[PDB]
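Next comes just one chain, in structure tokens: the form deposited in one PDB entry.
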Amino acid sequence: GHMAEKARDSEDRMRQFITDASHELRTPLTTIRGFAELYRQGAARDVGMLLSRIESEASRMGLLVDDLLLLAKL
């Protein structure tokens, strides 16, 4: 009973963390992918701003990933 229920609680918190953590990664990515696809469709007048925003989200994502890497040890 008790060890299984605590282990299951611990495992469920790990699932929910991975779900939240991954959706958080999803949002910068969808921007990176969308802005690159806008370019391939012919729609970019200013690839400088497009690239800047891409770079911004890549950096944001990099901070999320380093924090995951650390949190996975805890």
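Numbering starts at 1 and runs along the sequence shown. In this text, rigid core is short for the largest set of C-alphas that superpose within 1.5 Å between two forms.
Averaged over their C-alpha atoms, the temperature factors of 48-56 and 5-13 are higher for 5-13.
Note that the form deposited in another entry isn't included here; everything after this is about it.
Residue 9: CA moves 2 Å or more between the shown form and the other one after rigid-core fitting. With a cut-off of 2 Å and the rigid core superposed, residue 18 has a Cα displacement that reaches or exceeds the cut-off between the shown form and the other one.
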